[PDB]
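The block underneath contains the structure these notes are about, expressed in structure tokens.
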Amino acid sequence: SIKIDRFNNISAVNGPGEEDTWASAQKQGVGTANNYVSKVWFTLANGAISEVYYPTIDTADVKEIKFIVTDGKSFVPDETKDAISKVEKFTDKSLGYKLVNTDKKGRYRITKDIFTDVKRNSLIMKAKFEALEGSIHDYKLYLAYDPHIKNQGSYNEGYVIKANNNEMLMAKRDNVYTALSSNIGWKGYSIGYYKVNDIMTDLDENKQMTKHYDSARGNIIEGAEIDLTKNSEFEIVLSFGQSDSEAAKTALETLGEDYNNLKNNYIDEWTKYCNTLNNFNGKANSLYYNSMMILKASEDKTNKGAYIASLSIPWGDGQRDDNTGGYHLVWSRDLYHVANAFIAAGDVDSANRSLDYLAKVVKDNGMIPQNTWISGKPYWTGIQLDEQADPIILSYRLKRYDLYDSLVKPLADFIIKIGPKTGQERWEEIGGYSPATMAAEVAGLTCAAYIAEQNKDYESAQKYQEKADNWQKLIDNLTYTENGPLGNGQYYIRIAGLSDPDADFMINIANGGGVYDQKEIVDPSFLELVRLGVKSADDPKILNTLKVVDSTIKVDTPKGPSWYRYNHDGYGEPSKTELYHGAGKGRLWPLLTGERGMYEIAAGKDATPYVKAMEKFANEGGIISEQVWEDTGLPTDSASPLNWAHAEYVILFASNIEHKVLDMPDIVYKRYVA
Ligand SMILES: C[C@H]1O[C@H](O[C@H]2[C@H](O)[C@@H](O)[C@@H](O[C@H]3[C@H](O)[C@@H](O)[C@@H](O)O[C@@H]3CO)O[C@@H]2CO)[C@H](O)[C@@H](O)[C@@H]1N[C@H]1C=C(CO)[C@@H](O)[C@H](O)[C@H]1O
């Protein structure tokens, strides 16, 4: 098809380069074409493109793609740390992004347009450089591509080719190839070793490109100078392929297309999807649409239904670039909630697609594993009973009684075989009797019985409901303490280590949280009892727990109220200037703000302030993180966007309008709470 010419004139020296890391998990935006053809996902952080995925949503191939500007004399500022970035989407109904990075010293201004090719596997970035002060002739612009092909930064192979007289910077590892090209070509290129002789180091030592290596292997950085005199506004394209030819050809095809045409096609495809969702009598707002799009963009395009928790690697800029699943893995719990958001938005198709994925997972593993790669292969192996129950609950709500033999029955039988105690509760750290987990188990088994009757399996139905009723009746006896050290000493505890919530029992908190008596730990997750319809919102035991929870783990931030997952949580940054590396201090979860909002609705109260609080917790790109700081309410370096938190916002937003808990299974509610 095309003519490619590979050359090796000068090989980078002093390899293999320094160890690298992943990008900051705080994202300004994320996106992908709304079709299964273009298997490319991108994320933005610190004013630049961060991780890029291909060919699957759990395969990150890039760390960064940023600009370095210099006067070729004194300064060398990195836009990702020396410029203020402002982000905005092309429109309220498209995951296209416009970044405007203005030098902290007001010397330059870089504006970018980022999105993908709806027809091919390539990422597009239109950029224009502006000299705020002085002449554009006094500045040099350099692009720095940091590849981490197939989930690893080490041993990346870099070289340069020319496809149809087009100099493209190539990067490869195993079967994944990337091609970096410019619509106006490169004024100069080089493939050096990270922190050794890469573009960044070269510029810090010469204030201008000195090395011009065209080959390297290891932790590499593909640098290239942009010819400003030729054009201050250019187009950069990053293409993927299973070979040099494919990748390079894809880059040529995208570049040969009309920019505005590709941009509009990308925007329209997303606008079409948005306009397919409920707008709640014109009430639907930008965050609603932003959330739903983000959820839609979190599905793998090969293994449909596989929705990941988050398209980021938490505290990634603090972890070695080794192969990690980060949060781009599939959790039955998170998917369940994401499915409910789709349901509430009107996109029942996505929800069903996710349910079928779970069916697949169950078929391959005989049960629901803690979490799995999109392939369905288990990542971690803890035994979470709520994750065994959620897919059953979803089956009921989607009225997919056809999945009884392959999904419901096997999961229900499993649950009855090991329940009600769980290997670990929803925070994935400790086992025992958890009110949140038991709530899910009772709701799950109730749903299982309903589906069993639909399949005329009255025997199983009876067996399922009896177990559900028995466990429903034991919740208080197993998890409600009346001998607690907090408040009036009466409340649901986070988790009972044994069949006696009043007894003394020491538990070990994860992430270095310490050791405490079970009765000392409270968790807002108890609200799952009312959320699932297992307990009434006005149940005095619920009200009593609420008092203790708000007295011990509620924080009113300048953005609104939020809660900790539980007292002594250590899953977070240890300090304002340190990243999480296994042990720190858990922070506030906007996810829990929404959950409280949903409880308030069940209690017949206005949840508007909770809706507003979540909106304020969102960053400039309308993205909600897993955790926020107590003092400012701003995002931490935890995962973002946290799809579960976005799903919660959608359901809360809609529920606050409809004045009812939209995701509560009526069958359970009418049997235990009504
Ligand atoms: C994502 C998850 O991260 C935390 O839990 C995991 C630890 O970080 C891992 O290191 C591993 O922990 C093991 C220890 O390293 C080992 O020394 C021993 O103590 O056993 C540990 C358990 O295997 O695995 C942990 C997962 O079990 C964090 O504590 C946990 O809360 C985090 N889960 C959240 C993320 C999602 C996805 O959006 C949701 O499903 C959960 O509800 C969240 O709580």
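In listed order, ligands and their atoms are each counted from 1. Counting begins at 1 with the first residue of the sequence. Side chains included, hydrogens not; waters and symmetry mates left out as well; all remaining heavy atoms used.
With distances taken over non-hydrogen atoms, the option nearest atom 43 (C) of ligand 1 out of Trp331, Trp589, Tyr580 is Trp589. For atom 25 (C) of ligand 1, the nearest non-hydrogen atom from the set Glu429, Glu626, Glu428, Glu425 belongs to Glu428. The option with the heavy atom closest to atom 40 (O) of ligand 1, from among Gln384, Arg333, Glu387, is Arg333.
Each of the following atoms of ligand 1 lies closer than 4.0 Å to a heavy atom of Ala309: 37 (C), 38 (O). Those atoms of ligand 1 that come under 4.0 Å of a heavy atom in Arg565, given as number and element, are 31 (O), 44 (O). The atoms of ligand 1 that sit less than 4.0 Å from any heavy atom of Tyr327 are 1 (C), 34 (C), 35 (C), 37 (C), 38 (O).
Judged by distance alone, the side chain of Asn619 and the main-chain N or O of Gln26 form no donor-acceptor pair under 3.5 Å. In this structure, the side chain of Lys519 engages the main chain of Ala503 through a donor-acceptor pair within 3.5 Å.
For atom 31 (O) of ligand 1, the nearest protein heavy atom is under 4.0 Å away. For atom 13 (C) of ligand 1, no protein heavy-atom neighbour is present inside the 4.0 Å cut-off. Proximity of atom 17 (O) of ligand 1 to the protein is not indicated, since no non-hydrogen protein atom lies closer than 4.0 angstrom. Under the 4.0 angstrom criterion, atom 28 (C) of ligand 1 counts as having a protein heavy-atom contact. Less than 4.0 angstrom separates atom 10 (O) of ligand 1 from none of the non-hydrogen atoms of the protein. For atom 35 (C) of ligand 1, the nearest protein heavy atom lies closer than 4.0 Å.
Looking at ligand 1, you'll find an N or O of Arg426 within less than 3.5 Å of one of its N or O atoms.
Note: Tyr649 and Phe653 have parallel aromatic rings, judged against thresholds of 30 and 60 degrees for the angle between ring planes. Ring-plane geometry between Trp589 and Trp427 is classed as tilted, the angle between the planes lying from 30 to 60 degrees on a 0 to 90 degree scale. Aromatic ring orientation, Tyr580 versus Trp315: tilted (interplanar angle from 30° to 60°). Relative orientation of the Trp373 and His328 rings is tilted, given thresholds of 30° and 60° on the angle between their planes.
Counting only heavy atoms of the protein, atom 39 (C) of ligand 1 lies nearest to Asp334 OD1, 3.4 Å.
The closest approach between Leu329 and ligand 1 stays at or above 4.0 Å for every heavy atom of the residue.
Contact annotation for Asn371 and ligand 1: no heavy atom of the residue comes within less than 4.0 Å of the ligand. With a 4.0 Å cut-off on non-hydrogen atoms, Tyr571 touches ligand 1 through its side chain and not its backbone. Under 4.0 angstrom from ligand 1, the non-hydrogen atoms of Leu642 all belong to its side chain.
Legend: side-chain hydrogen bond (donor to acceptor under 3.5 Å, both in side chains) pairs involving residues 384-393, not counting sequence neighbours, sorted by first then second residue: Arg333-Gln384, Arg333-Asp386, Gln384-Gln424, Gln384-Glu428. Among pairs with a residue in residues 363-385, those fulfilling salt bridge (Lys or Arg N to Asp or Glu O under 4.0 Å) read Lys360-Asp364, at least two apart in sequence or across chains.
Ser50 and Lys63 share no donor-acceptor pair across their side chains, judged by distance under 3.5 Å alone.
By the 6.0 Å and 45° rule, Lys541 stacks over the aromatic ring of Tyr480.
Partner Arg565 forms a salt bridge (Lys or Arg N to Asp or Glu O under 4.0 Å) with one of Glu429, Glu626, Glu425 and no other, that one being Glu429.
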